[PDB]
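J.: Need a 3D model of the sequence below.
(one chain, ligands or ions: 1)
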Amino acid sequence: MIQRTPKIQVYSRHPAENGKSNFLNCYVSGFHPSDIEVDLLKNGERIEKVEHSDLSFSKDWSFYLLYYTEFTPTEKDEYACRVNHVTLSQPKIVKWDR
Ligand code: NA
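T.: Residues are numbered from 1 along each chain as shown. Now the structure:
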């Protein structure tokens, strides 16, 4: 058996074909086992509608998840990604910078 704690990165991107659109992204990387729970949060509340959840693996024991959706951030709102995995004794919450 092998188990590996996910690396978690939270960031925003504008698709170049539609620059007015903005996406909030949580990239959860290099984890094992694949069992996982991942949410985007707005002001502590789970965002229910997340349009994209893309899972892949490299080696059989290394998984990668890109979890993202369109959003409209204001200066006041706080966004975060919350991840639960067997390697994390408590949920890990990573704040979006900006
Ligand atoms: Na856990």
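J.: quick one, strands of the protein?
T.: Counting by DSSP state E, the chain has strands at residues 7-13, 23-31, 37-42, 45-46, 52-57, 63-70, 79-84, 92-95.
J.: Tabulate the ones you listed (CSV), appending mean neighbour count and distance to residue 1.
T.: No exception for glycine: its C-beta is placed from N, CA and C like everyone else's. As requested, those are exported to CSV (neighbours: other Cβ atoms under 10 Å; distance: least, Cβ to Cβ, whole Å):
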stretch, mean neighbour count, distance to residue 1
strand 7-13, 15, 20
strand 23-31, 20, 14
strand 37-42, 17, 20
strand 45-46, 10, 31
strand 52-57, 11, 16
strand 63-70, 18, 15
strand 79-84, 20, 19
strand 92-95, 14, 21
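J.: Tell me which of those strands lies nearest to the ion.
T.: With Cβ to the ion, the closest approach to the ion among those belongs to strand 79-84: 5.0 Å.
J.: Name the strands paired with that closest one and say parallel or antiparallel.
T.: strand 37-42 (antiparallel), strand 92-95 (antiparallel) (DSSP bridges).
J.: The ion contacts on the protein?
T.: Residues of the chain lying near the ion by Cβ under 5 Å from the ion: 84, 88.
J.: need the contact list for the most centrally placed residue in the chain.
T.: With distances taken as Cα atoms, centre = their mean, residue 26 lies nearest the centre of the chain, 2.3 Å away. Residues near residue 26 by Cβ atoms under 8 Å, 6 or more residues apart in numbering: 8, 9, 10, 38, 40, 65, 66, 67, 68, 81, 83, 94.
J.: Next, count neighbours for residue 60.
T.: 8 (other Cβ atoms under 10 Å).
J.: cool, and residue 33?
T.: 14.
J.: distance of the closest residue to residue 95 other than its chain neighbours from residue 32?
T.: With Cβ to Cβ, 6 or more residues apart in numbering as the criterion, residue 95 has its nearest non-adjacent residue at 4.8 Å, and that residue is residue 80. Taking Cβ to Cβ, to the nearest Å as the measure, residue 80 falls 24 Å from residue 32.
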